[PDB]
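A.B. asks: Pasting the sequence and an experimental structure:
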Amino acid sequence: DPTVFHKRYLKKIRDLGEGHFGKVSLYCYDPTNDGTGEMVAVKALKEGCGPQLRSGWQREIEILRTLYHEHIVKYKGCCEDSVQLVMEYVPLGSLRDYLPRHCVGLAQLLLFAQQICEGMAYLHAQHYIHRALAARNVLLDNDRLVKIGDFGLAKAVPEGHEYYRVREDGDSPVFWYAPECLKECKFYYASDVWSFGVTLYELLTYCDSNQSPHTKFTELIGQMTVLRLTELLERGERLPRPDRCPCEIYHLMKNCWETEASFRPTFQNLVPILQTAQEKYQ
Ligand SMILES: Nc1n[nH]c2ccc(-c3ccc(NS(=O)(=O)c4cccc(Cl)c4)cc3)cc12
């Protein structure tokens with residue numbers, strides 16, 4: 001019943017985001033057509049999705065129902081026709097849209113970075129890999145509260161496996177990807193840590209397009225792109241230290257980007273370090 005949303009009570013307000021396969025929009029859900037209603041975010045598959053995209057969409061909805069964390073977008077229910085995913089409305093939107101138009105100090109960024117690590121440490125503990133950990137998928141509720149907002153590429157990791165074998169896709173976030181994902185198509189929990197390293201780089205660069213990983217890696221050059229990127233990352237080459245980033249944080253990022261996945265810190269490890277770093281800055 002509270003998980004049941006009828007189309008008849010859903011009024012589209014605006015668009016919230018769009019990926020290759022899905023679409024997120026803001027709706028007002030008012031069953032009493034008065035004012036005691038609520039704002040919800042409604043995710044739907046776009047027209048033209050393959051059978052494997054539809055079966056994965058069922059798994060995604062099941063995944064979000066399973067996840068309960070202060071730093072994970074709350075599942076609210078479904079809208080059945082095809083199926084639409086109903087979630088809570090996280091008002092300030094994504095950090096990719098938020099940061100270039102806002103004033104957020106270093107201590108606040110480090111708080112966001114710590115909360116991402118908290119939700120991510122819970123995700124891994126629930127035996128799931130995210131695979132799309134970037135600033136566009138982290139949502140801001142208020143100046144003190146972030147939520148991992150999209151699980152489109154999330155996957156369960158079987159019984160005693162430390163990695164998940166992935167399929168070659170031209171749609172995948174290549175510049176957020178660890179070398180083991182690009183060369184061997186292997187996604188470990190450690191591969192998400194690498195993406196967190198890239199996410200932290202994005203926050204410290206205010207999600208400025210001119211300083212983006214895409215632009216910096218293009219400059220660093222001097223599937224052919226993926227091939228040259230793997231050599232770059234194996235040579236030991238990394239993203240530059242952002243002007244604003246203190247050396248201890250750049251170290252944290254570099255540890256997150258250790259070439260060998262086993263050597264990278266765990267999300268459970270990152271939470272205290274970041275809490276300290278955030279506490280130190282003010
Ligand atoms: N403001 C919000 N309240 N609740 C939400 C749930 C998801 C989202 C959301 C989450 C992720 C994105 N990033 S995105 O790159 O646009 C994207 C990637 C994959 C699939 C979709 Cl539909 C969108 C954009 C919006 C926003 C809100």
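C.D. replies: Perfect, thanks for sending it. Residues are numbered from 1 along each chain as shown.
A.B. asks: Pick out the residue in the protein sitting closest to the ligand.
C.D. replies: residue 17 (2.4 Å; CB to the nearest ligand atom). C-beta: built from backbone N, CA, C; applies to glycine.
A.B. asks: so what's that residue closest to, chain neighbours aside?
C.D. replies: Counting by CB to CB, 6 or more residues apart in numbering, residue 17 lies nearest to residue 24, which is 4.4 Å off, once chain neighbours are set aside.
A.B. asks: Can you pull the phi/psi pair for that neighbour?
C.D. replies: phi -110, psi 130 (degrees, to the nearest 10).
A.B. asks: hang on, it packs against residue 45?
C.D. replies: No: applying CB atoms under 8 Å, one finds residue 24 not in contact with residue 45, separated by 11.4 Å.
A.B. asks: Okay, and the beta partners of the closest residue in space to residue 58 that isn't next to it in sequence?
C.D. replies: Nearest-residue entry for residue 58: residue 83, 7.6 Å, with adjacent residues in sequence omitted and distances by CB to CB, 6+ apart. Here residue 83 shows beta-bridge partners residue 80, assigned using DSSP bridges.
A.B. asks: Identify the residues contacting residue 83.
C.D. replies: Listed by CB atoms under 8 Å, 6 or more residues apart in numbering, the contact set of residue 83 reads 57-58, 61.
A.B. asks: Please check these and keep the buried ones.
C.D. replies: Neighbour counting over the contacts of residue 83 (16 or more other CB atoms under 10 Å) leaves 57, 61 as the buried ones.
A.B. asks: Which of the three states applies to residue 87?
C.D. replies: Classification of residue 87 using DSSP: H, G, I helix; E, B strand; the rest coil returns strand.
A.B. asks: hmm, back to that, can you confirm the residue of the chain closest to the ligand is in a strand?
C.D. replies: Yes: the assignment for residue 17 by three-state DSSP puts it in a strand.
A.B. asks: Count the neighbours of it for me.
C.D. replies: Using other CB atoms under 10 Å, the number of residues around residue 17 comes to 19.
A.B. asks: residues in contact with it?
C.D. replies: So residue 17 contacts 23-24, 94, 136, 150 (CB under 8 Å, 6+ apart).
A.B. asks: On the strand side of things, show who the residue nearest to residue 17 bridges to.
C.D. replies: For residue 24, the beta-bridge partners are residue 17, residue 43 (DSSP bridges).
A.B. asks: What is the neighbour count of it?
C.D. replies: Residue 24: 18 surrounding residues under other CB under 10 Å.
A.B. asks: what's the spacing between residue 269 and residue 174?
C.D. replies: Distance of residue 269 to residue 174, computed by CB to CB, to the nearest Å: 26 Å.
A.B. asks: How about residue 118?
C.D. replies: Plainly put, residue 118 is 27 Å away from residue 174 if you go by CB to CB.
A.B. asks: again with residue 206
C.D. replies: The gap separating residue 206 from residue 174 is 22 Å, by CB to CB.
A.B. asks: Residue 281 now?
C.D. replies: Here residue 281 is placed at a distance of 32 Å from residue 174 (CB to CB).
A.B. asks: Same check on residue 36?
C.D. replies: If you measure residue 36 against residue 174 using CB to CB, the figure is 46 Å.
A.B. asks: The two - which one has more neighbours?
C.D. replies: residue 174 (17 against 8).
A.B. asks: Let me see the contact set for the more buried one.
C.D. replies: Residue 174 sits next to 182, 225-226, 229 when contact means CB under 8 Å, 6+ apart.
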